[PDB]
Each structure stands twice: as structure tokens, then as C-alpha cells.
Amino acid sequence: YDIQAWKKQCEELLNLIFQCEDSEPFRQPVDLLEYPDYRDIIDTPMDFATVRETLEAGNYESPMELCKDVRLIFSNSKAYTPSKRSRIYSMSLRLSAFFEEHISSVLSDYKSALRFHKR
Ligand SMILES: O=C(O)c1ccc2ncsc2c1
């Protein structure tokens, strides 16, 4: 029932993500010199360094907010991909499955802690 535990759990999950080879295209903002039409397709860029920085700055109030930004990394990859069989998109799918598998308990524990607090 620790309402604050999600933060360190998210820091650790981001550490695992940064170790994953599948995260390399998503660690920093998409390079506009390599993908010049990127902002024609994608309205809100997102990357894992921005998520980690937002978390470390104390600018997430809940793990749901962090989860929305991470999910935006994946939806941006799906929207930008020229093919659902592309290398970078395939990396995003694997990384999304890994993230979803790990974030589920973080969200559950946080929501349970909040409910216990307001009981
Ligand atoms: O060139 C591609 O296939 C491709 C697909 C998705 C994606 N997400 C971030 S950069 C990027 C490039």
C-alpha cells in the first residue's frame, strides 16, 4: 500500500528498457535529419529519455501518466512506420510487449494503494 513505490519501480523498468537492444531507436527523440517528414506524420514526439527525465524531475504524478507517454512512443512508431514488417516497428512491438508485461503490476499496486488510502 505504498503510494510512492511506483516511482522507483518505473525507474527500474526504464533501466531494463535502456538495456534492451530493442529500445535503441526510441532512447532519444527521432532524428529529423534521418527522417525529414517525421513531424508531418507525428504530432507529439516521445522517447524514453524524455520519459525518464520527466519522471526524475518529479513531473509525473502517477504511473498512469508515465504509461501514457511510453504508449505514445509505441503509437508514434506504428503511425510513422512505412510497413508493419519494418525493422524498427518490429522492435517497438517487442519492446511494447515487454513494457506492458512489466507495467501491469506497477499500475495495479499503485491503484490498490490509492484505494487503501481512500478506504
Ligand atoms: O523506417 C522505419 O521503418 C521506421 C519505422 C518506425 C519508426 N519509429 C521510429 S523511427 C522509425 C522508422
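Reckoned from all heavy atoms, side chains included, excluding hydrogens, waters and symmetry mates. One-based numbering, in listed order, for ligands and for the atoms of each. Sequential numbering from 1 along the given sequence is applied to the chain's residues.
- A chain of hydrophobic side-chain contacts below 4.5 Å, direct or via other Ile, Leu, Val, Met, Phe, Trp or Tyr residues, connects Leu72 to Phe98.
- Protein heavy atom in closest approach to atom 1 (O) of ligand 1: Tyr35 CE2, 4.0 Å.
- When non-hydrogen atoms are compared, ligand 1 lies under 4.0 Å from the side chain of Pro82 (C-beta onward) but not from its backbone.
- Ligand 1 has no N or O atom lying under 3.5 Å from any N or O atom of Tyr80, backbone or side chain.
- Among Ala79, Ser77, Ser86, the residue whose heavy atom lies nearest to atom 3 (O) of ligand 1 is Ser86.
- Among all heavy-atom pairs drawn from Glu21 and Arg27, the shortest one is CA-NH2, 4.0 Å.
- Residues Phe18 and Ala49 share a closest heavy-atom pair of CZ-N, 3.7 Å.
- Relative to the six-membered ring of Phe116, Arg119 meets both conditions, a distance below 6.0 Å and an angle of at most 45° to the axis.
- At the top of the distance list for atom 4 (C) of ligand 1, counting protein heavy atoms only, stands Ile88 CB, 3.9 Å.
- Between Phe48 and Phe26, the ring planes lie perpendicular to each other; the angle is over 60°, past the 30° to 60° tilted range.
- Looking at ligand 1, you won't find any N or O of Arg87 less than 3.5 Å from one of its N or O atoms.
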